[PDB]
Each structure stands twice: as C-alpha cells, then as structure tokens.
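Here is the structure we will look at.
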Amino acid sequence: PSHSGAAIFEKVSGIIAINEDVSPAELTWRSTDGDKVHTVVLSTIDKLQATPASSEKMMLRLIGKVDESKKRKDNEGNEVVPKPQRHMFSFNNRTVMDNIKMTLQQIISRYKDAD
Amino acid sequence: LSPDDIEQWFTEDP
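Chains A and B, in that order, give the protein sequences.
Using the UniProt record's numbering, you'd call the opening residue of the first sequence number 1 and step up by one each time.
Using the UniProt record's numbering, you'd call the opening residue of the second sequence number 45 and step up by one each time.
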C-alpha cells in the first residue's frame, strides 16, 4: 500500500503508481484492462485533496503548483492570470486512497523541506 | 456540471 493504489481516472478504472526514483517524481495511472494510461508530475503537487472516511464520497484530488507571476498574454493581446493545476481521481478503498494521499504528502513535503 | 459541484462531495452533510 505504498507508491501504488488502484485509482479511477476520468471515471475509468486503473491503478495509480508513484515513482520517486525519477526527478521530478511522477505518478502513473494504468487502466485495469490496460486501455488507458496517465502520467502526472508529483513535484508540482502543491496540495492534496482527499474525501474523509466518514464521508461515503470516495475521491482524491491533486493540486499542481502554479506561476501567475509569469503573466501570459492572450490571443487578444491582453495579459491573463494563469490557473493552478488540479487533477481528479476516485478510489473504492479508503485505505488505498489513504496511501496515495499519504505517499504524495511525502513527496511535496520532500521538496518543501528543501526550500 | 461545474468544479464547485465536485467540491461538494468533500463537504457532504452530517
């Protein structure tokens, strides 16, 4: 129950695996049947969202760091304020999602401590 | 329909 937890992506089912051996560490979701795969950079994970156990609502959200200070221009020639990254995953076992939320926290805090 | 909708899932009700 570490660096891997059967997670649902885009309403689809699959396993979510995390690898801290790569820099920046990333998370890869692999369908159950192997029809869909997803990859996410954990190093950006600025906030971890998880549904409480008491809440029948099963879900897990990942928040990626931003950089509005960059100030990107739009097609209209006007500056815009970029938005922060946010992923949405669904789990069936509070334990599995509990591991992901716990493991992910270890990664953020890992980079947070450095800075 | 909107992001706020999914956010409610975390708020739920006692």
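Cβ atoms here follow ideal geometry from the backbone N, Cα and C, with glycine treated the same way.
Check each candidate in the options and name the one with the smallest Cα separation from residue i.
i: A:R30; options: A:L104, A:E20 and A:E10; result: A:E10
i: A:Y111; options: A:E56, A:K47 and A:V12; result: A:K47
i: A:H3; options: A:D113, A:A114 and A:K101; result: A:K101
i: A:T28; options: A:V37, A:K57 and A:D67; result: A:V37
i: A:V22; options: A:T39, A:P52, A:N75 and A:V12; result: A:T39
i: A:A53; options: A:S13, A:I8, A:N92 and A:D115; result: A:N92
i: A:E20; options: A:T103, A:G14, A:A114 and A:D115; result: A:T103
i: residue 123 of chain A; options: A:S13, A:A114, A:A50 and A:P24; result: Examination of residue 123 of chain A is not possible in this model, given that chain A is present from 1 through 115 alone.
i: B:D49; options: A:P24, A:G64, A:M88 and A:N78; result: A:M88
Just to confirm, is the Cβ distance from residue i to residue j under 9 Å?
i: A:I16; j: A:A6; result: yes
i: A:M97; j: B:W53; result: no
i: A:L62; j: A:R94; result: no
i: B:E56; j: A:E56; result: yes
i: A:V66; j: A:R72; result: no
Contact defined as beta carbons within less than 8 Å: I believe residue i pairs with residue j. What is the distance between those atoms, to the nearest angstrom?
i: A:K70; j: A:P84; result: Their Cβ separation, rounded to whole angstroms, is 12 Å, which puts A:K70 and A:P84 out of contact at 8 Å.
Stretch pair the region 30-45 of chain A + the region 100-109 of chain A: three plus CB contacts closer than 8 Å: Using a Cβ-Cβ distance cut-off of 8 Å, the region 30-45 of chain A and the region 100-109 of chain A are in contact, since at least three pairs of beta carbons, one from each stretch, lie closer than that value.
Contact residues within the region 36-58 of chain A, judged by C-beta distance below 9 Å to chain B: Taking 9 Å as the Cβ-Cβ cut-off against chain B, the residues of the region 36-58 of chain A that qualify are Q49, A50, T51, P52, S54, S55, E56, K57 and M58.
Short-range partners of chain B found in the region 83-108 of chain A, where Cβ spacing is below 9 Å: Near chain B, meaning a CB-to-CB distance below 9 Å, the residues of the region 83-108 of chain A are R86 and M88.
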